[PDB]
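**Student:** enclosed are the sequence and the experimentally obtained structure.
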Number of protein chains: 2
Amino acid sequence: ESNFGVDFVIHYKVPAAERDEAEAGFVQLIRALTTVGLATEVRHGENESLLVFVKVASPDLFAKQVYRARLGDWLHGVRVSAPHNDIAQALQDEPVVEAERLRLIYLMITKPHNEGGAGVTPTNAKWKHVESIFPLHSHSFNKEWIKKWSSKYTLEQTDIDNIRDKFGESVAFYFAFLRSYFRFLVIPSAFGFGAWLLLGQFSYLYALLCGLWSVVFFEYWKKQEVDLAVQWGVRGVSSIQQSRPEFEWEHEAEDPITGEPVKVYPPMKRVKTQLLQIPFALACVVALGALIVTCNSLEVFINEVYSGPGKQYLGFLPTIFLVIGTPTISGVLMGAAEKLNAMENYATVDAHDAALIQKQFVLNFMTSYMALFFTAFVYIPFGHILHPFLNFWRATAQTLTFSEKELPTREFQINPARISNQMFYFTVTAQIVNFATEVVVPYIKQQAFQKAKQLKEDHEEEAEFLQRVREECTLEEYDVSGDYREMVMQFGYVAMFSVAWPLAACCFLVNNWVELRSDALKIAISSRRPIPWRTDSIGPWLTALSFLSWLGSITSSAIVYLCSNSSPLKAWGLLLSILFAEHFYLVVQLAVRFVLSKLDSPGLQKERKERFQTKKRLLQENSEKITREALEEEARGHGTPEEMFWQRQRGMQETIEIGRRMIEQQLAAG
Amino acid sequence: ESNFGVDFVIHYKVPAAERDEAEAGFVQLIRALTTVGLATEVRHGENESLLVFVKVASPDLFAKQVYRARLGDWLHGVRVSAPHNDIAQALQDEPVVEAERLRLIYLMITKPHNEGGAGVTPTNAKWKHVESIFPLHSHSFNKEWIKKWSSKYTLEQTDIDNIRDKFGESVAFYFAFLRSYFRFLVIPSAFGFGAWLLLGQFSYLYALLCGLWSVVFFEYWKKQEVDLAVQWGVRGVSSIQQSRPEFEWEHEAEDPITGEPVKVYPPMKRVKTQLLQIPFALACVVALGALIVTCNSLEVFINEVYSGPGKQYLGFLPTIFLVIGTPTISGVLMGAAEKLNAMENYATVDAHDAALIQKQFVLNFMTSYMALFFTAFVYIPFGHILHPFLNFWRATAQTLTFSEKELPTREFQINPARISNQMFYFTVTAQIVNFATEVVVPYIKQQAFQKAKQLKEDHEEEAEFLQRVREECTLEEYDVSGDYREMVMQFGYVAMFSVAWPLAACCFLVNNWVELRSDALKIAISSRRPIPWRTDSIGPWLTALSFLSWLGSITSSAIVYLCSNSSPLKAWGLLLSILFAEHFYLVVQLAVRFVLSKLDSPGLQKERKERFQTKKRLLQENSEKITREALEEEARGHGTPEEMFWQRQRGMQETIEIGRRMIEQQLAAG
Ligand SMILES: [Ca+2]
Ligand SMILES: [Ca+2]
Ligand SMILES: [Ca+2]
Ligand SMILES: [Ca+2]
């Protein structure tokens, strides 16, 4: 029915080898967990594991620790609400949410002994056979959440607040970003339908409107991000995040802010190492292009110019070439990226994750957009550049057949509907396939897996709970990065290639509405609950969105100019179109930034009001008079030209009288 | 020898008309000044004026007011150093500088009676005949300052700190900006000399280097500005500045930050009104262009194509056409700008001044660069476009002569050295003329004026002081906006048109070194001391510099492409050059911003440390245990599947024993 008060579960597999090592690790883990102050219970594994459950034993000590963590947060400025002086109302005015309690328990479980409770991190090399420490899903909450979200047309801020309260700030931030993106997608959908109905394809007006929308949405989301950062009390959380276990520091100096001994790595060395990203980026771009362009040319040769038998069966060759070439190449480049950022010496784990995501973004962009770039810039405008490649493929096919009769071909004429077909696939077919892969096939494979396990001693009143815990353990930990990446790639599609298919935005909106519940279902029943982390922003995805919008401002105009014919594509015209579109994008960006700066942001205003209140709180915690001072000057020659100058009229009445006499003397001449 | 303790002087002319009104105003002014608590003395005027001198009577009350002002500043966050609780060490650890004392006395003299001392502002319509309230210059300080600055090759931060301490934060900020600009000008001078010596004219490499330097200097100056804002304790001073006397507010609401009743104007209305600036900008651009282009075409007709007698005498016609056409047009457009920003409803006086400066910047840019733009983009690349204008001028000259014989002309050939001559003038001749106009002719005219006055009853020991005060009163108040504008125009010259004359940067550096003392001399002996104001930045000049650098990134490349011939200037080549230069500028801007973000800023770090200290100060002002909590659960069926689950092993020893038995049971099968 519900979790038996269990907060965290540790898998702790026990292999047949190193039994003594496993036993020593187990007893050390139990000792550490007892020292921190968490009650421990041990139960069945699957067949080699030893699942243990932890929970807070003394509620008062945990409440004190929660108050201490809140005080530390308010001291570092990540929250602007000052907690109560005594722990009697602060925990009651704002209750300890599930996410905060789980995060604090996780920090207690995994943190170095010098300042934490127990260093039970799985990547320390003294705690091996410990795959993960994960919390337990709430089945009733998941069911009610799914039902409520699927029975509502739109979600208010209360649902996102509930997501923040339960699953942490990172998942809540992703869902808020998805909701804002879906709501903002109704404008590009609306005027894309308008352009499709009224105008034709490759409309400059639609390109300008899409460029306007892509920057308006980005700036509005940045403002909403700033607002939500203080609404949930997470501001600059990266500053308070502790350093990674793997970190290379030459010396430890004094913190200029907190006045504490911290390990410092010179930023210039990190910048010098990061300068090597550009060769890596060029390498992955070239590697992915040399494969995608080759596959696309093979596909063009197979479909456009060919007359041999079995064209339909043979047409799958470049389709399957990609599904076996791009995985290996992407994996090799990912290994190179992990080698590169490992020596980049990132202190916080969040910075390391952001750098890894930024490195992966190049491959994601390459795989998601190289085919469209090739179609829009190398195929449609110039059908003659591909002639050497087509001749090479013809020669390869002829020498592969090793037969006579000079197999026939056809004249090569470009297909104006190729970009429409590609956009339609990426907008509808790829989306349906992705939805199936995201939702139905993982659940089906999990059902099959467990079924087989069951087809190939516990205690009463807990057998069902233990078995559901065992099934939950096998599920992979939910990664919010993948959903962010999918949404960012979709936004890139909108910003860059939607001018060739204005209907794409409507199907993007439909898919976003479906995904707002599909990702919820995936988190609920297809993945174990992630450890609740706190982030003040979506991270490097902001820069990804900015780059995608800027690139779309150019790509849309380039497509419009280069594909309107579907006179002979003068280069100055294309350059002028690109320049005008880019300048319009920059001017619109400046105007939107200025307008949003003029608009008040309640988050910053509330933070400033809290600062004002905490500054002002310390204040409560801490003619008859001029002559008196004038007379003391004389009592101090006696300064003939200094003291005597100001004592000539040491009174109001004498000053007034001398001024009157002065005025009449001055104007008694003329 | 020195001022007789006088802090501020009020002119208070007394005209022959409205003698009763003048007397009533004088007595009311004396009453108000007494109520605030300032001793007053009255002396000679010039012939119709009544000079009065004010000073603080009771030092203790003024010290208390200084402490209160410091507390208010620290409460609003413009300063991050918390003053001492008692006024005994705070005024001694940091002494009351002259600028701060003068500013506080001025605020006491001119401020509404509801919260201030006396509303003696000269623009209230009840205080007329009051031209200005000004402090007195220190002759010894001025002499020592001029000597020290002219006897040093470079100025350290101590000199700028002294300028801040005496003349206020605005003058100090201008001098710091000038010093930083002069120091940074040694790089463009160096590689401009390199390009001139090694390369030729119109070098793309020099254009790229200038684009790099213009953004590097801008970002470094922004960082230095942020540092100096907290070094002098002036951060967000615009937020604490009181509203202008002329302000239109529909309603008064509650301040979301300070919780005080304030007059609020909706920002959307101000944005809508500001949207009318673009028509104004286009209007002034067209008005100035239609005159400068006409004058330049007339000059070209006179010098290039002409053979009549008296060419040298007649060549001054377009030179004097500008000195009588651009003043009137600029004055009309300035009147239009003042009409526009008056209804823009700016609350703070600093915002109103910034808007006025931004409006004037369009005219300044037009006048300073239209001739160069015409020469570089309409004359050198295309000598055939000007043929209709030249024919029109020929017809005008022919019909003006009204004579026969068909006055002779010559074939029109463009002069490649025209841009070199124009740049040489703007870099050397215009600079020497500007230096003369700034320095020598105002002093000469002042000497003549006073001499004539003397050639066309006072008391002993003060006659010299009174006469020097009278001479100081006649001098115009120093305006720091003009020097800022001159420096910004010079930077625009460097960023935009220095690729046509790489030697311009060296003479710019020489002029900057000279100006660093020329402006000091102008402030010392050619202008009365301005009221010390506080600003956290140079203001709209930051946006002016950013726009000038961005425009130069394009203009330099356009000049390089369009003037290298001095094949037939293909448009795609020019567009490609502009696009590459702009993209290089944007990429370099991003890289410099990232690098400077990585670099630590001591000002922000110190502000954050102060915030940390003031947050932490409130902290000091405000196995045997797990079993005890576990046993209380039983004392609370009795929860068969919840309470009994965690009580199975309520101890370390039993947990260890059951875990051992569990491991052996699990691995006793295989
Ligand atoms: Ca999906
Ligand atoms: Ca998803
Ligand atoms: Ca000068
Ligand atoms: Ca000057």
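**Tutor:** Here it is on my side, so go on. Numbering: from 1, shown residues only, chains lettered A, B, ... in the order given. Ligands and ions are numbered 1, 2, ... in the order given.

**Student:** quick check: chain neighbours aside, which residue is closest to whichever residue of the stretch 351-500 of chain A sits closest to chain B?
**Tutor:** Ranked by CB to the nearest CB, the top residue of the stretch 351-500 of chain A for proximity to chain B is residue A:461, at 4.2 Å. C-beta: built from backbone N, CA, C; applies to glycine. Setting aside the residues directly before and after it, residue A:461 is nearest to residue B:641 in space (CB to CB, 6 or more residues apart in numbering or on different chains), at 4.2 Å.

**Student:** tell me the contacts of that neighbour?
**Tutor:** By CB atoms under 8 Å, 6 or more residues apart in numbering or on different chains, the residues touching residue B:641 are A:4, A:461, A:462.

**Student:** of those, which is the most crowded?
**Tutor:** The residue in the contacts of residue B:641 with the most neighbours, by other CB atoms under 10 Å in any protein chain shown, is residue A:4 (21 neighbours).

**Student:** list the contacts for that one?
**Tutor:** A:53, A:462, A:465, B:641, B:642, B:645, B:646.

**Student:** and the helix or strand encompassing residue A:290, how far out from the chain's middle?
**Tutor:** According to DSSP states H and E, residue A:290 maps onto helix A:277-303. Computed by CA atoms, centre = their mean, to the nearest Å, the chain-centroid distance of helix A:277-303 equals 27 Å.

**Student:** show me what contacts the residue nearest in space to the middle of chain A?
**Tutor:** With distances taken as CA atoms, centre = their mean, residue A:538 lies nearest the centre of chain A, 3.0 Å away. Going by CB under 8 Å, 6+ apart, residue A:538 touches A:173, A:174, A:177, A:225, A:484.

**Student:** neighbours of the residue of the stretch 51-200 of chain A found nearest ligand 1, how many?
**Tutor:** For the stretch 51-200 of chain A, the residue closest to ligand 1 is residue A:178, as judged by CB to the ion, at 10.7 Å. Number of residues near residue A:178 (other CB under 10 Å) recorded here: 21.

**Student:** in strands, which of the contacts of residue B:641 appear?
**Tutor:** Judged by DSSP state E, strands contain none of the contacts of residue B:641.

**Student:** which one of these sits closest to residue A:263?
**Tutor:** Proximity of those to residue A:263 (CB to CB) peaks at residue A:4, which lies at 41.3 Å.

**Student:** how close does that closest one sit to residue B:647?
**Tutor:** Separation of residue A:4 from residue B:647 (CB to CB, to the nearest Å): 11 Å.

**Student:** quick one on the thing from earlier: any chance of the contacts of residue B:641 in a markdown table, plus distance to ligand 2?
**Tutor:** Shown next, in a markdown table, are the contacts of residue B:641 (distance: CB to the ion, whole Å):
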| residue | distance to ligand 2 |
| --- | --- |
| A:4 | 32 |
| A:461 | 38 |
| A:462 | 35 |
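
**Student:** how many residues are close by whatever residue of the stretch 551-670 of chain A ends up closest to ligand 2?
**Tutor:** Nearest residue of the stretch 551-670 of chain A to ligand 2: residue A:552, at 21.4 Å (CB to the ion). When neighbours are defined as other CB under 10 Å, residue A:552 has 27 of them.

**Student:** excluding residues flanking it in the chain, which one is nearest it?
**Tutor:** Closest residue to residue A:552 apart from its sequence neighbours, by CB to CB, 6+ apart: residue A:495 at 3.1 Å.

**Student:** so the one you found sits against residue A:549, correct?
**Tutor:** Yes - under the criterion of CB atoms under 8 Å, residue A:495 makes contact with residue A:549 at 5.1 Å.

**Student:** what touches both of these two?
**Tutor:** Joint contacts of residue A:495 and residue A:549 (CB under 8 Å, 6+ apart) are A:211, A:214.

**Student:** in this structure residue A:69 contacts residue A:104, no?
**Tutor:** Yes - using CB under 8 Å, residue A:69 is in contact with residue A:104, at 5.7 Å.

**Student:** who's more crowded, the two?
**Tutor:** Shown here are residue A:69 and residue A:104; by other CB under 10 Å, residue A:104 has more neighbours (19 against 15).

**Student:** can you give me phi and psi for the more buried one?
**Tutor:** phi -70, psi -40 (degrees, to the nearest 10).

**Student:** so residue A:256 sits in a strand?
**Tutor:** No - under DSSP: H, G, I helix; E, B strand; the rest coil, residue A:256 sits outside any strand and is assigned coil.

**Student:** so which strand or helix has the closest residue in space to it that isn't next to it in sequence?
**Tutor:** Using CB to CB, 6+ apart and skipping residues adjacent in sequence, the residue nearest residue A:256 is residue B:605, 4.7 Å away. Per DSSP H and E: residue B:605 is located in helix B:602-620.

**Student:** looking at this, the residue nearest to the centre of chain A is in a helix?
**Tutor:** No - per three-state DSSP, residue A:538 lies outside any helix segment and is coil.

**Student:** can you list contacts of stretch A:627-640?
**Tutor:** With CB under 8 Å, 6+ apart, stretch A:627-640 has contacts from A:643, A:644, A:646, A:647, A:650, A:651, B:39, B:57, B:58, B:59, B:461.

**Student:** any figure for the gap between the first one and residue A:630?
**Tutor:** With distances taken as CB to CB, residue A:643 is found 10 Å from residue A:630.

**Student:** kindly report the same for residue A:599.
**Tutor:** Distance, residue A:599 to residue A:630, using CB to CB: 55 Å.

**Student:** who's more crowded, these two?
**Tutor:** Between residue A:599 and residue A:630, counted using other CB under 10 Å, the more crowded position is residue A:630 (18 against 12).

**Student:** tell me the phi and psi of residue A:54?
**Tutor:** Residue A:54 adopts backbone torsions of phi -120, psi 150, taken as degrees, to the nearest 10.
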